[PDB]
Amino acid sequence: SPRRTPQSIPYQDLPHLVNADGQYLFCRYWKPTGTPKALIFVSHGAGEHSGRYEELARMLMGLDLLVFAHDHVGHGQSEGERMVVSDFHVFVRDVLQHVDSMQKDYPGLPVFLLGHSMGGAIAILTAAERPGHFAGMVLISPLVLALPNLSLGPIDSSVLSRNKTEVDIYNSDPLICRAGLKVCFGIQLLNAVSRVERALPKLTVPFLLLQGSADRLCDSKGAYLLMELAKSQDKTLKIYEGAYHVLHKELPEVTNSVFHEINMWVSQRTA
């Protein structure tokens, strides 16, 4: 029988890649009409998927950038047991495989990484594995500071965003895993934090860091440590006072600023 997404859709009727462990990863592309100026990979957070980046990717596409993503293992429309990973590195290995495939088809173009929460940690660890390979890194509230089938317990969805509509969209998306954090996975996310800490003295990639003051998931303290401990010569921090975790899904005031800020930073670093 043909390989299906956890939502019974055959992978042959969809854009995909097969990872080093023989697992199918669902892919997304936002290719412009013109000739692309640069490539940008979108790395999503824990529980979410690439589809949540539609508006942000459609903006970046407008700047003549080729936007590409994939749902991480055990997430969205990709294979694997929900929110489980053999080792946190699997995520980094799969991002590099996708980046290398795209670079082959578009040689000489600069590559950027855009990551949120877990996807932020993945982005950091990707750049550290390949010093001087990426043009820049954009980080929206990254994961930087802190019997196996046991769960931690569902989080209160109101802590995600102050925008009541966006919380409602989140709570009704079937591709979003709203179940609590798995203990096994929790151990992996602590490895990610420990590995991000050890990589900081060698992190040289230019970065833009967007963080909310009232984030109850990724404490702002971590963003201040990241700005201090990273070796990057080109590092910018933007704090959104009173804003929660999902900054690209926050109040219109925060969201429009976020979009413009990513627009200006990426545009300045392209030609």
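One-based numbering along the sequence shown.
Student: Zero if continuous, otherwise a range: how many residues of the deposited sequence are missing coordinates between residue 146 and residue 147 (none, 1 to 3, 4 to 9, 10 or more)?
Tutor: The entry has 10 or more unmodelled residues between residue 146 and residue 147.
Student: Between 236 to 244 and 28 to 36, name whichever shows the higher mean Cα B factor according to the PDB entry.
Tutor: The recorded data point to 28 to 36.
Student: Compare the mean C-alpha B-factor of 99 to 107 with that of 135 to 143 as given in the PDB entry, and name the stretch with the higher value.
Tutor: According to the entry, 99 to 107 carries the higher average C-alpha B-factor.
Student: Checking the record values for 129, 71, 81, 168, which has the greatest CA B factor?
Tutor: If I rank 129, 71, 81, 168 by C-alpha B-factor, first place goes to 168.
Student: Among 151, 194, 77, 86, which carries the highest Cα B-factor?
Tutor: Largest recorded C-alpha B-factor: 151.
Student: Where does the C-alpha B-factor of residue 62 rank in its chain, lowest, middle or highest third?
Tutor: For residue 62, whose C-alpha B-factor we compare with every modelled residue in the chain, the answer is the highest third.
Student: Can you tell me whether residue 202 has a C-alpha B-factor in the lowest, middle or highest third compared with the other modelled residues of the same chain?
Tutor: According to the entry, residue 202 has a C-alpha B-factor in the chain's highest third.
Student: Compare the C-alpha B factor of residue 254 with those of the other modelled residues in its chain, then answer lowest, middle or highest third.
Tutor: As the PDB entry reports it, the C-alpha B-factor of residue 254 lands in the highest third of its chain.
Student: Select lowest, middle or highest to describe the third in which the CA B-factor of residue 117 falls within its chain in this entry.
Tutor: Ranked within chain, residue 117 CA B lands in the lowest tercile.
Student: Pull the Cα B-factor of residue 48 out of the PDB entry and bin it into the chain's lowest, middle or highest third.
Tutor: Residue 48: CA B-factor falls in the middle third of its chain.
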